[PDB]
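Inspection log for the structure reproduced underneath, given as C-alpha cells.
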Amino acid sequence: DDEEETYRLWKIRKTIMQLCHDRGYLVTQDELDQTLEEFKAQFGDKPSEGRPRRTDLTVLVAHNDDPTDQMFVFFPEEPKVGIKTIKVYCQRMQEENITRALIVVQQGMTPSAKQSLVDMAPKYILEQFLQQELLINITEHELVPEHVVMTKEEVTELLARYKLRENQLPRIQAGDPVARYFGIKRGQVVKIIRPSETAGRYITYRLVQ
Amino acid sequence: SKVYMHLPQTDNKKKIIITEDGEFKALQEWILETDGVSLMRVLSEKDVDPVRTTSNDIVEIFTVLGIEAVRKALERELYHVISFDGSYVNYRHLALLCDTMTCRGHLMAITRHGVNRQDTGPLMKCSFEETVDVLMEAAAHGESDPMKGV
Amino acid sequence: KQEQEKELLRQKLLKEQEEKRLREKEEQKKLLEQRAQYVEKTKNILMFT
Amino acid sequence: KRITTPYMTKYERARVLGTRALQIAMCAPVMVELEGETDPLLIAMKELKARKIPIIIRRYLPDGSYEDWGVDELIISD
Amino acid sequence: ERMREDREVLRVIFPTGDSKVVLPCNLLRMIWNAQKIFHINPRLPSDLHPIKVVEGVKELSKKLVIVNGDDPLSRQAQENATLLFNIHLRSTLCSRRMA
Amino acid sequence: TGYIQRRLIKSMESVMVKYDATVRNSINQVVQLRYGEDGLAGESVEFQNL
C-alpha cells in the first residue's frame, strides 16, 4: 500500500522523535508533534518507489548538554537485514566520533546479525527496533508509569541512604520494552513513580540486571 | 476470532473527561471486546486509543508494555476477580502479592517452577515441593543456607 | 492604605507577567538555536543518501 | 543517631512482659512495690506500667547494625 | 491555592471521581466527638482565628512522619508517602469549613 | 481452594517489615520501601470521602 505505508512511516518517525526527546537529546518542539500533512508535503507521500524512500528520512540528533554526542536512526530496506548492511553502516559511522545509533528493521534481523551487533558493543553502541514495536509509544500507556533514568551520583546517594546494597534492589531485565526504550544498560537504576491509591504517590527503584 | 461491540453500562468502561465546568460527566462510547490476544498489532491500528486499550492477559503485557505495566495489570485483574462477588480485600495485600511476583523482573510463578528457582535456600525450597530434588541439587552443588528463613 | 496594598499586588502581577515574557523569549532562543543547528544537520542528512 | 520508631511494637511488649515474668518466677528482685499480688505475669505488667523493667531491647536493622533501646526510654503502646 | 493544587493532584491521581478512599483517621468522627465533648453548640459565633487553624494544620503535617530523616531524598519520600492523607486533612480542616 | 491457599502462603512466608521500616524477605531483598506503599497497619484504617 501507499497511503498506509506513509502513515506508518510518519508514526514511526514521531515515535522515534518522542523517544529521543525522552532520553535527553534536544529536538524541535515542531518535529516532536508534527502532523502528517507537513510530512507528506516534506517528503512526497509516494513511498511506493518514490521520494519518501527509506534511508533518506534518517535523523541525527545531538544530546542536550553534550553537543558532541549524537546517534543515528537508520532504516534499512532489506526486510531480513543481514550483517553486510550493519557492517557498512558501522563503517560509515566510524568516520565521525558518534558512538550510539538505533536501527529500525522491517522484519527481525537474522540471528547471525545479533552476534555482530553485540560484538561491536563496547566500541559502538547500536540497538534494533521493529517498526511494529515503534508504531505506538508505550510510555504514554495508562499502565506504564513514568520512568526516570537516574545518574550514578544519585544512585550512590540512594544506596548510602538506605544502607542497602544495590544487589538488594528489585530487578528489571534489559530486554524489557521500557528498558530498551530508555536505552538503559546493565548496572543502572531506573526510578519509578506510581500513583498510589493509598498514599497518593509512591516512588520505587529498579536496578537493571 | 470474533469481536463484540458493547456499549458500557458501568463507569468501569465509560469514558471520563473533566468538563470545563468541573464535573466529570462520564461519556458513553463504543468499545470492542475481542476473544484473542494480539495487543501489539491492535494498538498500531488507527482510531484505536493507544492509552486505554488493555489486554486482560499477563504474559502478553510483559512482552509489549513492561514489567511495571504487568504489575499494574495483574493488580487490576486480581482486584476484578476478588471484588466480583462484592467482597472487599484491603489493597495492601494485593500490592504485596503483586510486588513479590514482580520483584525479580520476570514473572515468577507461584508454582514450584517459579519459587524454587529463586535463591532463597534449599531448606526453604524443600518445604514447599520438590524435596528430594532440591536437596540433591544443593548437595551436588554444595550450596549454603544462611539460616534466615522462617 | 488598603488601596496602596492592592496596588502592590498589582505590581506583583505585572512582574509575574514580565517573567512569563522572559520565559517566552527563552523559548524563542531555544527555537532559533535549534534552527541554526538544523541548517547544518540537513547537510549531513543530504550527504547520507 | 537512632532511626527506629520510638514506640514499643506489640511484639516487643509481649516478649518483654513474658521474659520479665519468667525472671520474677525464678525469684529475681522486683522493681516496684507489691500491693499484695503473686502472679509473676501481673507483677511484670505492673512493672511495665511503672517503666522500671531492667531490660534493653536490641533492634537489628537489615544492614547489620543495631540499636539498643531501654524499656524506660521508648513510649509504651498499651 | 494549596487546596486547588491538591484538588488537581487528586483529579490526576483518582480518575473517574471515586470519593470513597481508605485513610487512617476518621476526621469527621473526630470532629463530631470534639463537638459533643466540648458542647460546641453550632449556633453561636466561635472563637477560632483561621490563622490558628492554618498554623495548626502545618504543624500537624510536620509531626506526622513516615520516612524519618532530613535528607532531601528522605523529605521527598516523606512527602510522597503521607501525601493523600495530608490532602484529606487540609480538605477537611479549612478556614471556611472550620468556621 | 486449599491448594491455592497453600501455594500462596509458601511463596510469601518470610516477607516481613524490618525495623528500617521497609518490607523485605529472607534474602533481605527490598520488596517495598514502605509497607503497602504507605507504612500503616491494615487494622486501623477506615473508609472515608474526599
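A quick note on method: Cβ atoms are made from the backbone with ideal geometry, for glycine too, and the neighbour counts reach across all protein chains shown. Please treat every number below as a calculation from the coordinates, not as lab data.
Would you check if there is a residue in segment E:72-83 being under 12 Å from the mean Cα position of the chain (by Cα) and either within 14 Å of chain A (Cβ to nearest Cβ) or surrounded by 15 or more Cβ atoms within 10 Å (Cβ to Cβ) (or both)? Can you show your working first?
So in segment E:72-83, the residues under 12 Å from the mean Cα position of the chain (by Cα) come out as E:82-83.
Now drop any that are not either within 14 Å of chain A (Cβ to nearest Cβ) or surrounded by 15 or more Cβ atoms within 10 Å (Cβ to Cβ) (or both), which leaves E:82-83.
The answer is yes; a qualifying residue exists.
Consider E:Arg2 against the criteria (1) more than 13 Å from the chain's Cα centre (by Cα); (2) in contact (Cβ under 8 Å) with a residue 24 or more places away in the chain: it satisfies all of them except one. Which criterion is unmet?
(1)
Of the numbered conditions (1) exposed (fewer than 10 other Cβ atoms within 10 Å of the Cβ); (2) over 28 Å from the mean Cα position of the chain (by Cα), C:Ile45 fails exactly one; give the number of that condition.
That leaves (1) as the condition not met.
Just for segment D:55-66: of the residues that are within 14 Å of another protein chain (Cβ to nearest Cβ) and not in a loop (DSSP other than H, G, I, E, B), which one is farthest from D:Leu22 (Cα to Cα)?
Residue satisfying both the conditions and the ranking: D:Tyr66.
Out of D:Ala25, D:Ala21, report the one residue that is buried (at least 17 other Cβ atoms within 10 Å of the Cβ), away from chain F (no Cβ under 14 Å), more than 19 Å from D:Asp68 (Cα to Cα) and among the hydrophobic types (A, V, I, L, M, F, W, C). Steps first, answer last, please.
Working: D:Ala25 fails: buried (at least 17 other Cβ atoms within 10 Å of the Cβ).
When all the criteria are applied, what remains is D:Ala21.
Only one of (1) over 25 Å from A:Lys40 (Cα atoms); (2) surrounded by 17 or more Cβ atoms within 10 Å (Cβ to Cβ); (3) of a type in the set (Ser, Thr, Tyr) fails for A:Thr58. Which number is that?
All conditions pass for A:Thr58, except number (1).
Out of segment E:57-75, which residues are within 14 Å of E:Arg90 (Cα to Cα) and in contact (Cβ under 8 Å) with a residue 12 or more places away in the chain?
Across segment E:57-75, the qualifying residues are E:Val57, E:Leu60, E:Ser61, E:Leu64.
Just give me the residues in segment B:114-134 being over 20 Å from F:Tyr3 (Cα atoms) and of a type in the set (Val, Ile, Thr), in sequence order.
B:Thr120, B:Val132, B:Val134 - these are the residues of segment B:114-134 that are over 20 Å from F:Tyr3 (Cα atoms) and of a type in the set (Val, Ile, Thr).
Restricting to segment A:5-30, and then to whatever is assigned to a helix (DSSP H, G or I) and hydrophobic (A, V, I, L, M, F, W, C), can you tell me which residue is farthest from A:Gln132 (Cα to Cα)?
Ranking the qualifying residues of segment A:5-30, first place goes to A:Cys20.
Starting from residues that are away from chain A (no Cβ under 14 Å) and among the β-branched types (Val, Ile, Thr), keep the ones in segment B:18-71 and report whichever is surrounded by the most Cβ atoms within 10 Å (Cβ to Cβ).
Checked segment B:18-71; the qualifying residue surrounded by the most Cβ atoms within 10 Å (Cβ to Cβ) is B:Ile31.
Which one is farthest from A:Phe72 (Cα to Cα) among residues in segment A:31-41 that are surrounded by 13 or more Cβ atoms within 10 Å (Cβ to Cβ) and within 14 Å of another protein chain (Cβ to nearest Cβ)?
The qualifying residue farthest from A:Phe72 (Cα to Cα) is A:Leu36.
Give the residue that is surrounded by the fewest Cβ atoms within 10 Å (Cβ to Cβ), with candidates limited to residues of segment A:67-90 that are over 27 Å from A:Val27 (Cβ atoms) and not aliphatic (A, V, I, L, M).
Residue satisfying both the conditions and the ranking: A:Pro79.
Could you check F:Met12 against (1) touching a strand residue (DSSP E or B) at 6+ places or on another chain (Cβ under 8 Å); (2) over 16 Å from E:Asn68 (Cα atoms); (3) within 8 Å of chain B (Cβ to nearest Cβ) and say which number it fails?
In the conditions (1) touching a strand residue (DSSP E or B) at 6+ places or on another chain (Cβ under 8 Å); (2) over 16 Å from E:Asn68 (Cα atoms); (3) within 8 Å of chain B (Cβ to nearest Cβ), F:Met12 misses (1) alone.
Mind listing just one residue for me: the one in segment A:140-161 that is surrounded by 19 or more Cβ atoms within 10 Å (Cβ to Cβ) and not hydrophobic (A, V, I, L, M, F, W, C) and, of those, nearest to D:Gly64 (Cα to Cα)?
A:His147
In segment B:96-114, which residue that is under 12 Å from the mean Cα position of the chain (by Cα) and polar (S, T, N, Q) is farthest from the other protein chains (Cβ to nearest Cβ)?
The qualifying residue farthest from the other protein chains (Cβ to nearest Cβ) is B:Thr102.
Sort through A:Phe182, A:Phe129 and tell me the only one that's surrounded by 15 or more Cβ atoms within 10 Å (Cβ to Cβ), touching a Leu at 6+ places or on another chain (Cβ under 8 Å), among the aromatic types (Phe, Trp, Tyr) and more than 30 Å from E:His88 (Cα to Cα).
Result of the check over A:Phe182, A:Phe129: A:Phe129.
Among the candidates B:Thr100, B:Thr131, which residue alone is without any contact (Cβ under 8 Å) to a residue 40 or more places away in the chain and within 27 Å of A:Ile172 (Cβ to Cβ)?
Of the residues listed, the single one that is without any contact (Cβ under 8 Å) to a residue 40 or more places away in the chain and within 27 Å of A:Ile172 (Cβ to Cβ) is B:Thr100.
Restricting segment D:28-54 to residues that are part of a loop (DSSP other than H, G, I, E, B) and of a type in the set (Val, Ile, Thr), which is surrounded by the fewest Cβ atoms within 10 Å (Cβ to Cβ)? Before you say what the answer is, go through the steps one by one.
Quick first cut of segment D:28-54, residues part of a loop (DSSP other than H, G, I, E, B) only: D:28-39, D:51-54.
Checking which are of a type in the set (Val, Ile, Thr) leaves us with D:30, D:32, D:38, D:53.
Details: D:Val30: 15, D:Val32: 15, D:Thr38: 8, D:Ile53: 21.
So, considering only residues that are part of a loop (DSSP other than H, G, I, E, B) and of a type in the set (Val, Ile, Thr), the one surrounded by the fewest Cβ atoms within 10 Å (Cβ to Cβ) is D:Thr38.
Within segment F:15-38, restricting attention to residues that are part of a loop (DSSP other than H, G, I, E, B) and more than 10 Å from chain B (Cβ to nearest Cβ), which residue is surrounded by the fewest Cβ atoms within 10 Å (Cβ to Cβ)?
That would be F:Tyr19.
Kindly indicate whether E:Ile40 is aliphatic (A, V, I, L, M), surrounded by 12 or more Cβ atoms within 10 Å (Cβ to Cβ) and away from chain A (no Cβ under 14 Å).
Values: aliphatic (A, V, I, L, M): yes; surrounded by 12 or more Cβ atoms within 10 Å (Cβ to Cβ): yes; away from chain A (no Cβ under 14 Å): yes.
Yes, satisfied.
I need every pair where a residue in segment D:11-32 that is farther than 26 Å from F:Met16 by Cβ has its Cβ under 6 Å from the Cβ of a residue that is outside any helix (DSSP H, G or I), sequence separation at least 6 or different chains.
Cβ pairs passing all conditions: D:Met31/D:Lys52; D:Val32/D:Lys52.
Looking only at segment E:4-32, which residues are hydrophobic (A, V, I, L, M, F, W, C) and either at the interface with chain F (Cβ under 10 Å from one of its Cβ atoms) or surrounded by 12 or more Cβ atoms within 10 Å (Cβ to Cβ) (or both)?
Keep residues of segment E:4-32 that are hydrophobic (A, V, I, L, M, F, W, C), which gives E:9-10, E:12-14, E:21-23, E:25, E:27-28, E:30-32.
Across segment E:4-32, the qualifying residues are E:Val9, E:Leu10, E:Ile13, E:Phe14, E:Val21, E:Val22, E:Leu23, E:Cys25, E:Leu27, E:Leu28, E:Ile31, E:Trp32.
Here is a list of conditions, (1) over 21 Å from A:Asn167 (Cβ atoms); (2) surrounded by 15 or more Cβ atoms within 10 Å (Cβ to Cβ), and B:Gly149 meets all of them except one; can you say which number that is?
Of everything listed in (1) over 21 Å from A:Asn167 (Cβ atoms); (2) surrounded by 15 or more Cβ atoms within 10 Å (Cβ to Cβ), B:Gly149 misses just condition (1).
Taking B:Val64 as the residue in question, decide whether it is at negative phi and within 14 Å of the chain's Cα centre (by Cα). Before you say what the answer is, go through the steps one by one.
Numbers: at negative phi: yes; within 14 Å of the chain's Cα centre (by Cα): yes.
Considered against the rule, which asks whether it is at negative phi and within 14 Å of the chain's Cα centre (by Cα), B:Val64 comes out as yes.
Being β-branched (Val, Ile, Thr) and more than 30 Å from B:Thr10 (Cβ to Cβ) is the filter here; which residues of segment E:14-69 pass it?
E:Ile31, E:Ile37, E:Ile40, E:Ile51, E:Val53, E:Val54, E:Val57, E:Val65, E:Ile66, E:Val67
Among the numbered criteria (1) hydroxyl-bearing (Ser, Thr, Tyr); (2) exposed (fewer than 13 other Cβ atoms within 10 Å of the Cβ); (3) away from chain F (no Cβ under 13 Å), which one does E:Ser61 miss?
All conditions pass for E:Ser61, except number (2).
Which strands (runs of 3 or more DSSP E) sit wholly inside segment A:104-209 and have at least 3 residues that are free of Cβ contacts under 8 Å to residues at least 60 places away in the same chain, over 23 Å from B:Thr63 (Cα atoms) and within 14 Å of chain E (Cβ to nearest Cβ)? Give the derivation first.
Working: elements: A:125-130, A:146-149, A:189-196, A:200-208.
Of the strands (runs of 3 or more DSSP E) lying wholly inside segment A:104-209, those with at least 3 residues that are free of Cβ contacts under 8 Å to residues at least 60 places away in the same chain, over 23 Å from B:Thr63 (Cα atoms) and within 14 Å of chain E (Cβ to nearest Cβ) span A:200-208.
Take E:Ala34 and decide whether it is under 26 Å from A:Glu142 (Cβ atoms), part of a helix (DSSP H, G or I) and of a type outside the set (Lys, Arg).
Spelling it out, it is not the case that E:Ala34 is under 26 Å from A:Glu142 (Cβ atoms), part of a helix (DSSP H, G or I) and of a type outside the set (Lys, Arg).
Residue pairs, Cβ under 7 Å, 6 or more apart or interchain, first in segment A:1-30 and within 14 Å of chain C (Cβ to nearest Cβ) and surrounded by 17 or more Cβ atoms within 10 Å (Cβ to Cβ), second charged (D, E, K, R) and assigned to a helix (DSSP H, G or I). List them.
A:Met17/A:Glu31
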